[PDB]
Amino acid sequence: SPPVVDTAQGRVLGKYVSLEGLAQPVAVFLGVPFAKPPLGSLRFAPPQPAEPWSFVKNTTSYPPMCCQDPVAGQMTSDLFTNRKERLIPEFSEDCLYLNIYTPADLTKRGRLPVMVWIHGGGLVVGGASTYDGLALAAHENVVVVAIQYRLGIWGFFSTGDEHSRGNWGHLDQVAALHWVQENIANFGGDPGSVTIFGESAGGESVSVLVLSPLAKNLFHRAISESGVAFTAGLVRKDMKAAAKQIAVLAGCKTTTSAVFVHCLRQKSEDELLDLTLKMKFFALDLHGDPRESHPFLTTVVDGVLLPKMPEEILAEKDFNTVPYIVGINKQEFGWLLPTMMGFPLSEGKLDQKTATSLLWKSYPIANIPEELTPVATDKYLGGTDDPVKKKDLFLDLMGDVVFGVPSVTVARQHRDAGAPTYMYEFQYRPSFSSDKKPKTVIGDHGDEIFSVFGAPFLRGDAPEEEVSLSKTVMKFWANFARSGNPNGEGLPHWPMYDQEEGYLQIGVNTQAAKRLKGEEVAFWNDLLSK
């Protein structure tokens, strides 16, 4: 007896889906529009509300993902998905949709916590339909909403002025959150209790929404998994140089910003896609000048989403000071990222000259000047002659500079603004890992996702240790959605990230520790001191 729910713009039809092991049926709505399709002159512009529809809109099939490299998009979906049935996504400029998983009794007026998932993919790839909210919803009695937002050129093209400010993907995230306020009560969600959560560039997005005056009162808890505002230089003052490259590739005059943006608006989707492949996003440039490489189009300081740089918003303490879990994995640069970015590290072996050279080429994500680059690799690799250990230590280096240090730096300033703050370090190797990934890589980028989204209940043949870790993580995450505090009956103690900097080591042996990356932060700030 399929569920039909009212929204401000019209009625939607979903499907009931059962999870093997639980009695609880979950109502699933796929491809709910939250904005007008950003086509034509709506490209490189703020999202507009969806036009209303008559009759009942069928929301039972996965929507398209936003345009992106389709080969890298398919690979990202494969690597990150938590369900059995492999998704073959479609791609389109018409992509401002969300998917909803609600376990609420829709005949009642439910008031479940709402968890809004913001996917990662470096702001250039990814989509919502990769992430099945079924297990998290059914096990923890929360409404899971997975949203989409414009990516790449479509999402982030900026002229650095009023003609194309930038941040279109973040304005879409904001529009989705307004949609949740207006409409989630009809899906049994409590709009007074919305947790935003995301991983990698989705974590950066959560962090940016925490800082943004546009997102005020649109959520009440935050979780950044493996990404905050300082991560990978994904937030910059401007985009002048990358914009120039786009103009040369597109054949657009840059006489003025208006003329430039108007030329890009006339391009077809195929032309912008081809321009996307030519920018070579999400890839280490091995041959060109590292100062001129732009593997991501970034969040920018536009004066609307962000009035100023994140450092200055954090230091001034006026932002969305909600309860905030900020976490990282043990080995953020262990395998997935170097492989996906094309780091020449298949060898199993690395010497210190080459580590220094690769750190310099990583300038776009690491931001370490050429002359300080041997000092960094000496610090991390100089205590051993063993090249197998040097490789493993270089990957610790990259993890720390790109993820660990940024995450701790942000948690500290969030705590110092007076907000409840929690940190974790996740250390587990999922059975769902790729065949290509070595057995020795534990807590790789993305590994927590399988626990958070209940992959053991949806796919594979997970052993009891892994099943149990997923229940623990989901329960912490949903307790936090409920109360702003992840703690509860039968879960290990997770201390607050206060002046003593307590954090939770999550893994086979889940337990509290202190002072996450304390020394590494000290070193990296001192190296870039100037």
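Note that residue numbering follows the sequence shown and begins at 1.
Averaged over CA atoms, B-factors in the entry run higher in 367-375 than in the other of 367-375 and 442-450. Look at the C-alpha B-factors of 62-70 and of 460-468. On average they run higher in 460-468.
The PDB entry assigns its highest CA temperature factor, among 132, 85, 270, 204, to 85. Residue-level inspection of the entry shows that, of 221, 178, 165, 308, 308 has the top Cα B-factor. Among the modelled residues of its chain, residue 265 has a C-alpha B-factor that falls in the lowest third according to the deposited record. When all modelled residues of the chain are sorted by CA temperature factor, residue 53 is found within the middle third. Residue 33 sits in the lowest third of its chain by CA B factor, as recorded in the PDB entry. Sort the modelled residues of the chain by CA B factor and residue 170 lands in the lowest third. In this PDB entry, the Cα temperature factor of residue 156 sits in the bottom third of its chain's modelled residues, the lowest group.
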